[PDB]
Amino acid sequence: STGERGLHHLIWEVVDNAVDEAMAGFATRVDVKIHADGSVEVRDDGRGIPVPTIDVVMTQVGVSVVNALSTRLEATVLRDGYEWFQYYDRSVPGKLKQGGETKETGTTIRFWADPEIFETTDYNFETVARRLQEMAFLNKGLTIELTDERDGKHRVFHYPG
């Protein structure tokens, strides 16, 4: 889908994955940031995406609609004592970069939806908030924070168990 609905679906797919970590009791929070550069960042404190050829978990990111319909995608993993960077340039992956040391675990997915593919690229804060309100309500005790850098709109979603 190439409209505002299909654009918002890119957010739904990234968030559904982060929320799966929470359901499973690995993640406690999800942070969604709508940037001023056209990108969306989804951060969780889960296990970190692991760093046949179709046994490589990162391949699920590479083959996804989010990576296909994005000019750029940045996957940042905090796992196995290190920070890891797996970047894609127009769906094409770069080499896996091993950064600094960390005791933390988690996944950050940042994607720039293709302005040629979508005739809008303008996310709707209310639509995102509607989806994120459902994510927190289905996962009682999970904290979800939504921030929009474009206008300073901020919301916290938490339902106490």
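Note that residue numbering begins at 1 and tracks the sequence as displayed.
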Between neighbours residue 52 and residue 51, residues that the deposited sequence lists but the model omits: 4 to 9
Take the C-alpha B-factors listed in the entry for 117-125 and for 66-74, compute each mean, and give the stretch with the larger one. 117-125
Looking at the deposited entry, does 106-114 or 54-62 carry the larger mean Cα B-factor? 54-62
In terms of CA temperature factor as recorded, identify the highest of 132, 40, 92, 27. 92
Third of chain Cα B-factors occupied by residue 32: lowest
